[PDB]
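The next block holds one structure in the form of structure tokens; read it before the comments.
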Amino acid sequence: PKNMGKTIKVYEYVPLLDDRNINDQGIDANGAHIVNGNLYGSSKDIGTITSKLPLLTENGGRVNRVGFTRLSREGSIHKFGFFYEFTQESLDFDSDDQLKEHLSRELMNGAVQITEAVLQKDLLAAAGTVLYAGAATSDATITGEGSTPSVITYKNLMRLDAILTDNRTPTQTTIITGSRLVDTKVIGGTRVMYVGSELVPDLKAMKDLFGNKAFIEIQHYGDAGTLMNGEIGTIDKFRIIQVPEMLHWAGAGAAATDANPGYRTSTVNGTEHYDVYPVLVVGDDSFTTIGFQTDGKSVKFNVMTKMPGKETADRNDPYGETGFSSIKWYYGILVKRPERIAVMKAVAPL
Amino acid sequence: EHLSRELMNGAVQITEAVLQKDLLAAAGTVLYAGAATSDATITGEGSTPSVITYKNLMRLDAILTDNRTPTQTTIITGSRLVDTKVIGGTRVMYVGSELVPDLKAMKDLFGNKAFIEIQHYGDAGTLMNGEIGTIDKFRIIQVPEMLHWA
Amino acid sequence: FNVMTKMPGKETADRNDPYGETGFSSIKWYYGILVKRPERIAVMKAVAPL
Amino acid sequence: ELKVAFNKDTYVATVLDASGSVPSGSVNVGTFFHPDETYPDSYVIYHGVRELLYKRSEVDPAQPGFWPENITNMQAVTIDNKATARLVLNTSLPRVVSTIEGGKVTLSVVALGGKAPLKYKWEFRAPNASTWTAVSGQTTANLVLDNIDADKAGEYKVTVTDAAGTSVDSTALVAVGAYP
Amino acid sequence: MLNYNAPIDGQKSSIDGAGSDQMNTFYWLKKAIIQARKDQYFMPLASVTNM
């Protein structure tokens with residue numbers, strides 16, 4: 001709402017037995033004042049659980065006290081906008097007669113694309129599970145030429161599935177049992193991946209764990225299940241969607257040398273650097289786009305054309321021969337639960 | 001309201017934690033994967049790390065047949081669909097999240113994949129909740145919160 | 001589960017606090033196990049990857 | 001920290017200061033911080049004494065005990081605070097103090113309690129800064145900013161420390177109106 | 001120029017003088033992030049011999 005600031009804040013009510021429920025209020029099974037107050041927290045160790053059980057004697061008194069916490073989470077709005085100018089002679093002495101429309105359309109399309117790109121950037125930024133394919137510890141160590149390169153493999157996607165399941169991230173789809181049509185297969189994917197258009201060559205050749213093809217294309221299960229648009233295949237537990245406009249860091253990898261086996265490499269200050277490509281999976285109910293004054297829609301553009309003539313004259317132009325047209329909008333997201341978004345950074349083949 | 005909610009969920013989770021711990025501690029047929037004979041000698045470095053292998057699960061059931069542990073689930077004899085398989089799973093086995101990757105990439109006696117997953121046998125098998133597949137004769141269930149010794 | 005909660009007010013008012021401004025809520029239960037046949041429980045131990 | 005001492009015979013729980021003297025018979029029942037570090041203005045001498053006695057056996061205060069047998073009937077426990085009063089700030093620096101270049105501003109602070117020697121100290125934070133440049137020569141519990149200029153605008157804070165060490169502080173934002 | 005409709009980051013707006021800040025600097029969404037009861041897998045497979 002208006003007259004209410006430029007940020008939105010929520011509450012996250014941490015459960016009792018969580019490793020984030022820190023509180024001073026805490027009493028042991030003997031009346032002592034133990035530091036923590038979350039019993040044993042998110043500890044799946046047998047010793048910790050056995051030691052911190054809430055044993056309470058038959059003449060129960062003031063033992064076994066536990067506290068609770070609540071965590072806030074914020075998110076703001078940022079503005080955007082761009083324009084273009086046009087002399088009257090440009091629209092009056094031109095071979096074409098619909099230049100104004102052919103610029104307004106070509107501007108609105110660009111604005112929509114910009115909104116998509118900034119949403120993609122924010123999603124790739126706010127990722128709780130930022131997972132590095134291969135043997136990379138940081139972005140600077142995502143290489144493609146060393147003894148162990150950084151390429152997407154079956155084990156890495158298995159690890160992403162494991163991490164997403166452990167974070168209690170929900171499934172998006174259901175497994176597809178077989179059909180009766182020969183040469184078809186059974187996909188077993190419940191998550192939805194969003195690879196770029198450059199990892200597909202490498203992602204179409206992963207040799208499973210036992211050197212078998214690990215990319216069941218869409219044609220092998222179109223009969224027995226629904227087909228989501230943009231699909232190219234399934235891998236382990238990830239129904240794969242190719243995103244044509246997929247953002248990719250360029251030069252945020254390692255140093256490039258002559259041993260480069262054919263992986264994409266950009267240039268950052270002379271010496272070439274490897275390019276890092278993301279594999280983004282966003283879970284259900286992980287973010288919300290706070291639309292300010294945008295009724296229903298996430299982003300509402302405002303057109304401000306002003307035709308040259310008597311509506312643009314001023315002391316700065318006693319003749320009034322120039323106009324303009326501008327588009328502006330507000331955009332911003334609140335990542336309420338940044339544990340569903342996950343990314344595999346990796347290189348891509350040339 | 002939220003305070004009471006969290007209290008009740010904590011109570012339920014802690015109760016199942018106690019059940020898990022007691023069932024683990026009351027195990028009669030305890031076996032150790034790899035070249036191990038005690039907890040203090042269980043390892044993960046050397047010639048023989050304690051990694052679950054097809055032989056180890058085979059030895060597990062052999063004891064569960066001598067000890068007369070009754071079978072719980074029947075065998076899937078196959079379906080009419082295309083890329084389904086048969087399942088010899090009789091007993092139900094529970095695994096933590098940690099050991100699942102090591103079971104996914106574990107070879108059978110001929111050097112291939114033996115982790116037929118839930119997506120293969122769905123038409124015939126009445127797949128139970130938390131199932132991830134059967135290896136040889138055990139139908140594996142993932143336990144989201146399964147305790148362990150640290 | 002047995003729950004007994006007393007809200008601040010008349011309920012908690014006593015002589016160790018003649019204003020009644022301190023509540024509490026407590027949950028208690030009983031638990032145990034009878035293991036009849038221990039040979040039908042077969043745990044196995046190993047090490048899993050990082 | 002306030003040492004408490006209990007005398008079962010007279011059921012008296014004298015709350016002495018850290019450096020007190022357990023009265024004849026009064027057994028050290030324990031110590032506690034009256035201005036609870038976490039929640040200062042949420043607890044009183046009673047709460048501390050009560051808990052200190054809840055963990056002491058009825059049969060013998062000296063001997064620790066728990067719920068089954070402990071001193072919990074505070075109705076009888078006679079608490080006699082023989083400890084220094086909590087340093088308080090009846091008068092605190094005027095939240096905001098607006099003036100013009102020239103107008104004298106006086107910041108005042110009245111502290112009651114603590115150890116008798118109530119020392120004062122004034123610190124000044126310039127606008128858009130973090131360092132609290134201590135106003136040199138100010139120990140008076142009253143800072144007269146006569147003929148104030150625009151530079152002397154900003155936040156001014158006191159620190160009433162008692163001989164013991166406990167310190168009560170108060171801040172006042174001085175705003176000076178400048179003119180070409 | 002009167003501006004800056006939201007100084008959340010300690011950047012006081014123009015209209016507000018000394019000892020004053022915007023009454024509301026954000027919106028408060030009622031729906032709270034809540035984690036559900038953990039999945040149970042061993043209590044169901046129990047039996048009760050009443051004592």
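Before moving on, here are some points about what is shown:
- Only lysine pairs 8 or more places apart or on separate chains count here, and in chain B those with Cα atoms under 20 Å apart total 12.
- Förster-model FRET efficiency, 41 Å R0, residue A:99 and residue E:27, C-beta, rounded to 0.05: 0.40
- Only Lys, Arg, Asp and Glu carry charge here, each on its Cβ (+1 for the first two, -1 for the last two); on that basis chain A has a dipole of about 1560 debye about its Cα centre.
- As a proxy for reagent exposure, D:59, D:158 were ordered by neighbouring Cβ count within 10 angstrom, fewest first; the result is D:59, D:158.
- Average beta carbon contacts from partner chains per residue of A:37-50, 10 Å cutoff: 4
- Between helix A:154-166 and chain A: long-axis angle, C-alpha atoms, 0 to 90°, nearest 10: 70 degrees
- Ranking of B:77, D:14, C:22, A:322 by neighbouring Cβ atoms within 10 Å, starting from the fewest: B:77, C:22, A:322, D:14.
- Furthest towards positive pole of dipole, A:99, A:137, A:50, structure part region A:1-160, Cβ charges: A:50
- Per-selection Kirkwood Rh - chain E (Cα, Å, 1 d.p.): 16.6 Å
- Using alpha-carbon coordinates, inclination of helix A:99-125 to the longest axis of chain A, degrees: 20 degrees
- Residue exposure sequence - A:107, B:60, A:157 - by fewest surrounding Cβ within 10 Å: A:107, B:60, A:157
- Remark on the protein assembly as shown: ratio of C-alpha radius of gyration to 2.2 N^0.38 Å is 1.29.
- Bins of 10 Å from zero: percent of alpha-carbon pairs in region A:169-308: 10, 26, 27, 20, 12, 3, 1
- Within straight-line reach of residue A:345, meaning a Cα separation under 19 Å, sit the following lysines at least 8 residues removed in sequence or on another chain: A:121, A:155, A:204, A:237.
- Average beta carbon contacts from partner chains per residue of B:100-107, 10 Å cutoff: 5
- Taking a quarter of the surface of the Cα convex hull of chain A gives a mean projected area of 31.1 nm².
- Rh by Kirkwood over Cα pairs, then Stokes-Einstein D for region B:81-142 at 1.567 mPa s and 4 °C, µm²/s: 108 µm²/s
- Overall shape of region D:1-42 was characterised from the C-alpha gyration tensor. The equivalent ellipsoid obtained from it has semi-axes of 22, 10, 6 Å, in decreasing order.
- Surrounding net charge for residue A:221, when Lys and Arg each add one and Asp and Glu each subtract one, Cβ distance under 12 Å: -3
- Across all directions, the shadow cast by the convex hull of region B:11-150 built on its C-alpha atoms averages 10.1 square nanometres.
- Spherically averaged projected area in nm², based on the convex hull that wraps the Cα atoms of region A:255-325: 12.1 nm²
- Taking region A:209-350 and dividing mean pair separation by its residue count, relative contact order in percent (alpha carbons under 8 Å, at least six apart): 22 percent
- Relative contact order (%) - criterion: Cα under 8 Å, at least six apart; region: chain D: 18 percent
- Dividing the Cα radius of gyration of chain D by its Kirkwood radius returns 1.20 for Rg/Rh.
- Per the Cα gyration tensor, region A:118-230 maps to an equivalent ellipsoid with semi-axes of 27, 19, 14 Å, ordered largest to smallest.
- Dipole size of the protein assembly as shown about its Cα centre, with +1 on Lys/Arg Cβ and -1 on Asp/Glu Cβ: approximately 2220 debye, rounded to the nearest 20.
- Against chain D, whose longest principal axis comes from its Cα atoms, helix D:45-54 is set at around 30 degrees.
- A straight Cα-to-Cα reach below 29 Å connects residue C:6 with the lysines A:52, C:28, D:55, E:30, E:31, E:38, residues fewer than 8 places away in its own chain not being considered.
- Electrostatic dipole magnitude of chain D [Cβ: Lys, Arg +1; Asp, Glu -1; Cα centre; debye, to 20]: 200 debye
- Where only DSSP H runs of four or more residues are counted, the protein assembly as shown gives -4000 deg cm²/dmol as its mean residue ellipticity at 222 nm, each run worth -39500 (n - 2.57).
- Look at where the Cα atoms of region B:24-47 and of region D:125-150 average out, and the two centres are 71 Å apart.
- The protection proxy used here, the mean number of other Cβ atoms lying within 10 Å of each residue, ranks peptides D:128-135, A:220-227 as follows, highest first: A:220-227, D:128-135.
- Dividing the mean sequence gap of close Cα pairs (under 8 Å, 6+ apart) by how many residues region A:1-115 holds gives a relative contact order of 29 percent.
- Inter-chain Cβ neighbour average for residues B:23-33, partner chain, 10 Å: 6
- Over region A:284-350, the hull volume per residue, using the convex hull of the C-alpha atoms, is 216 Å³.
No Cβ is skipped: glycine too gets one built from the backbone with ideal geometry, and neighbour counts run over all protein chains shown. Here, each number is a calculation from the coordinates, and none is a lab measurement.
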